[PDB]
Structures are given as C-alpha cells and as structure tokens.
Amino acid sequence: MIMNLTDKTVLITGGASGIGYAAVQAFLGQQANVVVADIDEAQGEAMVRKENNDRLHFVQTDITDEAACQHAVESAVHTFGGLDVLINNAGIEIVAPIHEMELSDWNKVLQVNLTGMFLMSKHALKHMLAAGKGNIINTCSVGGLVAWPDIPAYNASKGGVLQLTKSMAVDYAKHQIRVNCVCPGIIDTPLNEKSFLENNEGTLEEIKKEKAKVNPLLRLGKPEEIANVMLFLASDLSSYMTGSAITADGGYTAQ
C-alpha cells in the first residue's frame, strides 16, 4: 500500500545474480517493471526463464562500455515506456596487495565498480532530467566506509561510489532526482563463496562460520536483506532522503 512501486520501471545492473537477483525478485514482487543489465547472457536468459514474468526484461550489457550503457537505458524506455529507478549494483572484487597489483587488474575493478556506475548514471540522468524526476541507488559497501583487509582497489572503488552518490545527490536534487547508496556487509552469495575459498583456509562451511563471527549479529547477511533496503530507497517512503548511505552490515561498522 505504501511502497507504491507498481508500474515503476527499475533498471538493475548485475541483476542476474546475488544481491542483484534478489533485488529483481523483490521489485517484481512489488509490481515494478524490472530491466536487468548484466554481462552474463546465459545467466540472464536463465533468469528470464525461471522468473517467467511479463514485468521482467533482460538486456545483455557490459557497463564498462558507454554504448552498452546507453543501450541498456534505451532498452528500459522502449520496453516499459520510461525509467524511474536506476540501481547501480554490478561490481567485482580482485584480491591483491597494492605493492603487487597489476595496473590492468586495478583498472578492471575501477572500471566496473566506479566507471560503469558513472556511465550508467550519465545516460539514466539524461532521461530522468527530461522526465522531471528519477531515483538512483548505488551499491556501495562497508568497504566504502572502512577498509576490508587485502582488497585495496575494491575499497578505493567503493569510496568513489560513496562520494559519487553524494555528488549526484547534491547536483540533481533541484531536479527531484534522489540519489542514495546501500553499504552491505558480508553477504552470503554464490560468488562470495568462491572468494571465501580462494582467500581463506578450511572448508566452505568452516570459513562461513568464521565470517559469521565478525558481525555482532553473528551471521552473514542474506541477499534479500539488501534487496529490501533497495525497495525502501526506491519507494516514496524515503522521499526526504538523498545523498545518504544506508548501512546493512549486522553491526560490523558500529564497533
């Protein structure tokens, strides 16, 4: 009744898995039209078949390429007639210390996490300015607020996301375009589980237990728990919020 997301068009980058996919489900569940922009064509089409929903559309998109970003925005406008909410959720992680990291690896992290956010936002904003309203939601991280160990390029990129979020909030408030971010803690997603095994010793379950011990709530976050923050930020419930960060980390940054 109060979410009021019915007939709103929501473009979600990295929507084919993890937090992005949980966001797809949550928004479809609120009667929003959802457009997923993701680089993984196979996983994207699989998603379309599983969800089997009129309100869902997939468009293959590499956000590091500007033409593809524009095309993703145009796909939303063609398919559902507009674009109310952009969720810049795609991101990658590469583990490497600064003193050993390859420039090409640094750039791969920054290009997806930050440059792609810029490019998607650029073209979404062109449309939202013309339409007279809009909403942008960025997937930041605890890593944008404090440093996760051993992932400096990631942390840096998310620091960029935090300030880009605030910048766009301040520059576009006069045009009624709200811009906020969510800062997730450690979320239990398949992709993350791969990172757990690569960078810690022990079985998957043992590593999960260790990670779920670093949070005051004593558990890892679920993708849907971040998706729910995105619902709030997209809805009119958060109408006086712009340029802000919502932390969802089980108490991690509180200590």
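Residue positions are given as counts along the sequence shown, with the first one as 1.
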item: Mean C-alpha B-factor comparison - 98-106 and 156-164, higher one; value: 98-106
item: Selected stretch [higher average CA B-factor]: 192-200 or 45-53; value: 45-53
item: Residue 255 by Cα B-factor - lowest, middle or highest third of the modelled chain; value: middle
item: Residue 185 CA temperature factor, ranked by third within the chain; value: lowest
item: Ranked C-alpha temperature factor of residue 79 among modelled chain residues, by third; value: middle
item: Chain-relative CA temperature factor third for residue 61; value: middle
item: CA B-factor ranking of residue 228, expressed as a third of its chain; value: lowest
